[PDB]
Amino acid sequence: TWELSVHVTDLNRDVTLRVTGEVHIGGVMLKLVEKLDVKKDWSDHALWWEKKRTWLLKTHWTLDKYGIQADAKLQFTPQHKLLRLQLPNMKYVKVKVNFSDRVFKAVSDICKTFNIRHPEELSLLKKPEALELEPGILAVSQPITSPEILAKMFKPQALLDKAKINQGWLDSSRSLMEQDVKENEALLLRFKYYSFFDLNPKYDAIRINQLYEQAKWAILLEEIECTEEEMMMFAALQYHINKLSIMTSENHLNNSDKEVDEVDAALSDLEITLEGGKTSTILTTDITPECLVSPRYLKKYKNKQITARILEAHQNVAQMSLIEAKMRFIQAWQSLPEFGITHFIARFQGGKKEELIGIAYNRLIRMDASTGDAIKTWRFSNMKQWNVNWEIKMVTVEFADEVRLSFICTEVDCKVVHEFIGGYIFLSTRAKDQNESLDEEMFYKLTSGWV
């Protein structure tokens, strides 16, 4: 007859109970509701064991089966808790989500209510005026208010500082409660894996918009490098998207793919002269560079000279539909040399410095921490298996023909790296999949089934 302490988080009231290993979780919860006497809606409350970071959800299991013994300290706490999510468009949305669900499932439910297909590509990332949803508002891009906003958060980083952000990717196989996430905390919702399956304008207005927004901020903040010519084309595309995204007279077509010829100001062919195509459908633009290029451009060049280069690039964009332009922006980003690599600090045998391991959808890359250069590449198509040695925090990947790669990371980075490798192998299976729905069972096997 050992003692069981229970703190009720939303009442801030403690309760002791005399129990055996053979008492059921349901019995503790029913016993606990009596001893309190006060009656309220308990339906969302579950037992949580902070010491072992374990939810005690199965009411028909014994304390013994969950491993609880003398003077164990539990919380009786709501499973659902407020979370602030920062979307790829940098707006915050408040959601009350189940802090006992696996993060993979939480992300799936978030993406379902946001109408984002392929939730397996997205996840939650810890951070280093909340948006109230309107119909289809997550499909709508806005211009940036101010160069100041951009200039402010434009704090350029070395690759090593960029690699440290990746320590914060949540474990998809554990709940938010298990990962030191608190009520009212802000998490980033991001595209995590850079292998985007079947982007389809017919179904994916929101998915394409949020992916475009993630790309746009990465380019404007120089988190990914591009050439000056590419920057001028990114500027022309953003200008065109911003202009088409004005829809004053309708609220119900946010998910539609707007055509230039549909804009109120558009001139029909043959309206001005029986010479079609002699003038632009939009006769007048208002291109200015300040919110279309990264801050380094306005330091290098006169406003007039940047404007002329954007106008030159815009010649190619002016007849694109809204979603066509977003997809061309995404396709130009996908073509960038360092696209789709996630960096981790790593040490290699014979290395005297911190280096990087880069993970991409099809390969691992040993990379220089101060140039970003690819020193060596190993292909997933050659991978047999991998080992995590938790005592020395060493990942060893085995490839065909007796090729082995070993590197050392922080313990947190090892866990994140393991999930990225399994996650990308899981994503590579989607092309051959004959199931109607996502094979979540295989995802969990490839990422958490082993260790």
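A residue's number is simply how far along the shown sequence it sits, counting from 1.
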{"item": "Between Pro128 and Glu129 - deposited residues without coordinates, as a size class", "value": "10 or more"}
{"item": "Which of 33-41 and 380-388 has higher mean CA B factor, as the PDB entry lists it", "value": "33-41"}
{"item": "Segment of higher mean CA temperature factor, 163-171 or 72-80", "value": "72-80"}
{"item": "Selection by C-alpha B-factor (highest) of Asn251, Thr307, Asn362, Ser123", "value": "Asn251"}
{"item": "Most elevated Cα B-factor in the entry, residues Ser280, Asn98, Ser245, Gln238", "value": "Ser280"}
{"item": "Modelled-residue ranking by C-alpha temperature factor, third containing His418", "value": "lowest"}
{"item": "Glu290 - which third its CA temperature factor falls in, relative to the rest of the chain", "value": "middle"}
{"item": "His343 - Cα temperature factor, lowest/middle/highest third of chain", "value": "lowest"}
{"item": "CA B-factor placement of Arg190, once the chain's modelled residues are sorted into thirds", "value": "lowest"}
{"item": "Among modelled residues of the same chain, the CA temperature factor third for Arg117", "value": "lowest"}
